[PDB]
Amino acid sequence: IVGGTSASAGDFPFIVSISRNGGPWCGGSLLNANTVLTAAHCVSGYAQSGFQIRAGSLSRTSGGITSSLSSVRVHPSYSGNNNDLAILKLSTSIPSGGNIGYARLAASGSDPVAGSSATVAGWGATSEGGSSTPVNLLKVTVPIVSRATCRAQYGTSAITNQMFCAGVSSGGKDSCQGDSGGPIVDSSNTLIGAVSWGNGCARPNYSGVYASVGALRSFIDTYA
């Protein structure tokens, strides 16, 4: 997260950190005791044994409850930047309670409205290419950017109806490498997306791009 602040205990109770080969990798969202939602690009094409999830901690290295993966399912239309969600099943179930909870999902057919406030969180870099990544969770609030404006930034075909955008026109606030897969929520604390892609991080005139939970809700509901 670039331009963020420290998360407090009990913020994002459903967030999980996802390590790969013992090192930082991505974020995700705990949907229920045995299921995590993340970005497809975090897991597609990699050995599933490399991953570990951690829930219930501000730290990505220590505390909370961990689990390995039992299975990985990517959206059936996932390709590159498009349809960038995956469902992970956990080898060890994780109960709600204390600083762990489960996400509430945006409805099928919904689309975040331009200008509304969203909050994204993760353990990614705080600069493009950053040499070290924070141990404790960060968060930042950014406005939704209309799909039309985002298409003017990236190209008409580049931003699909299963993506939405968020950021500040002058830059300075965004998700960044290592935040992929983690949650973005709306002003009701409903999970509206997962960190997906962008041109660099927090650049002026290049919004962060998010996989849309509303748009992909049928997939999520099938496998959750």
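Under this definition, the rigid core comprises the largest set of C-alpha atoms superposing within 1.5 Å between the forms. Sequential numbering from 1, following the sequence displayed.
Choosing between 114-122 and 128-136, the greater Cα displacement from the shown form in 9 other deposited structures of this protein, fitted by the core, goes with 128-136. When the mean C-alpha temperature factors of 25-33 and 166-174 are read from the deposited coordinates, 166-174 comes out higher. As listed in the deposited structure, the average C-alpha B-factor of 141-149 and of 126-134 is greater for 126-134. Looking only at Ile18, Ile15, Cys201, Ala211, the residue with the top Cα B factor in the deposited structure is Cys201. The entry lists a Cα temperature factor for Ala106 that places it in the middle third of the chain's modelled residues. When the CA B factors of the chain's modelled residues are split into thirds, the value for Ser93 lands in the middle one. Compared with the other modelled residues of the chain, the Cα B-factor recorded for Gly56 ranks in the middle third. Among all modelled residues in this chain, the alpha-carbon of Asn83 has a temperature factor (C-alpha) in the lowest third. Per the PDB record, residue ranking by Cα B-factor puts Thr156 in the middle third of the chain.
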